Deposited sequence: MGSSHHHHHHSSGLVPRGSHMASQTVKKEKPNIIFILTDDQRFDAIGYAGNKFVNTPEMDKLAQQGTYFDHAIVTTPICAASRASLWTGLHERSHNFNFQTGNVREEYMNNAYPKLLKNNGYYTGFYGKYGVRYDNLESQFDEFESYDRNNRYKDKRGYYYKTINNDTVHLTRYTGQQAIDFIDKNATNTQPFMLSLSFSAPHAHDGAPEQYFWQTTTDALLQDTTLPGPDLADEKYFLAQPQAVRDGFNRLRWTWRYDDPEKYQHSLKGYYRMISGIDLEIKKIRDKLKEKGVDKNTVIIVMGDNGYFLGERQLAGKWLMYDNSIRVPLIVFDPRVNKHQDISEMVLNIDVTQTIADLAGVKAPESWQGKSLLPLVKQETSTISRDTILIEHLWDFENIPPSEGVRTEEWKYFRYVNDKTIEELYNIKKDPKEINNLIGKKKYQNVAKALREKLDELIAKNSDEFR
């Protein structure tokens, strides 16, 4: 009646960094199986390309304009409940988390083990669980992979459905020749854990009752613009691979070519039969996966932002099915506009030019008519 849900959350996984996207050098077969088995979202976009506000936007379901993270930094003396795990926990689920929480907030409940070492610390790392703290041996990817297995086999107890949130630290650390190789390698070892997870699901016999969701936390830069990192508002930095595979409601796939990350939070609660809080600034992706109504998402224009600190710049803009816009602020206002269907590598800025300065005014307007539509 109610499905078990598993949200795999990869750290720094580009929308390009998956075989289903044509990448011939990754080895993500179980993910590729999930995309062909479920509905893949190629134009899945992350609102704020930072591995902490995005993760917070995942929890609280509100854009960074509305939550406003911090650095590091704890947030926000329980704003935030109004939070998709804590909601299912108090409505009818046995929630569980393993990996990087990314908010530094001192509570957490049900069953967990947050890897607080410095996220990373390669092999062996500090882990904040129940009662107190205890650090453990082998390597992040395998450790949080085995913990998910244990959570399925053991006590996620068979009465109420479980919602297991998995936050992998991989692949968080030409060009660099084969450091792009090692990046791709770290995503290949997550798939081994996906084989073991869904293999564990058949022993307990719930794989036809456990919808699995996979996402990349934010974009990346691998030599584009002679740039690394993320945080800017280019497609390779905001777009991530989001797989939503439901073994119950739709046996067969359908590829969707539309938008957005803050939707998963709604896609969790709606999935769990729980009324999604009024605060959450997303929309459910359930109509898309069971091929229901609004197969054009009806989210014609979306937002994205970066409220920033150290060196350097921030940005905020909006995107459409074939139009992009964003302007920095610290320290400047370099307005930029690109056409998405003809310039996907975003090398031709189109502002100033008279034939498209009217579509810049329509997007510059809708940006203000989207920044304040979230507010607080």
In sequence order, what intervals of the deposited sequence carry no C-alpha positions? 1-28, 100, 148-149, 205-261, 465-467
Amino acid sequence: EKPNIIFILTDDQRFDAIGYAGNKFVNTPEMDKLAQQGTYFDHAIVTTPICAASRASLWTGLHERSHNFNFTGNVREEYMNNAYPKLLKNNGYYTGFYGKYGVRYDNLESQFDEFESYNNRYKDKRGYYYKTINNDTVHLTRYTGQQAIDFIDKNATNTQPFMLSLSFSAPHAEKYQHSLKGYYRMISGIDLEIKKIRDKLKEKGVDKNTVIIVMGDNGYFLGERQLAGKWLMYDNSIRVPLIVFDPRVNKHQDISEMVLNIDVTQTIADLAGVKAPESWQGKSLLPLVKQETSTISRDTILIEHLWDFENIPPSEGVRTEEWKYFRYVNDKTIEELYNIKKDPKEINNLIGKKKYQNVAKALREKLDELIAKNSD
From here on, numbers count along this sequence of modelled residues.
Test of understanding: from the entry's C-alpha B-factors, which stretch has the higher mean, 157-165 or 76-84? 76-84
Given 313-321 and 23-31, the range whose Cα B-factors average higher in the PDB entry: 313-321
Maximum C-alpha temperature factor, selected from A52, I347, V46, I351: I351
Which listed residue, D270, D207, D191, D136, has the largest C-alpha temperature factor in the record? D136
Assert third(CA B-factor, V214) within chain per record equals lowest
Of the three thirds of Cα B-factor ranks in this chain, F41 occupies the lowest
Lowest, middle or highest third: which one holds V244 when the chain's residues are ordered by CA B-factor from the entry? lowest
Split the chain's modelled residues into thirds by Cα B-factor; is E116 in the lowest, middle or highest one? highest
So where's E278 on the chain's Cα temperature factor ranking, which third? highest
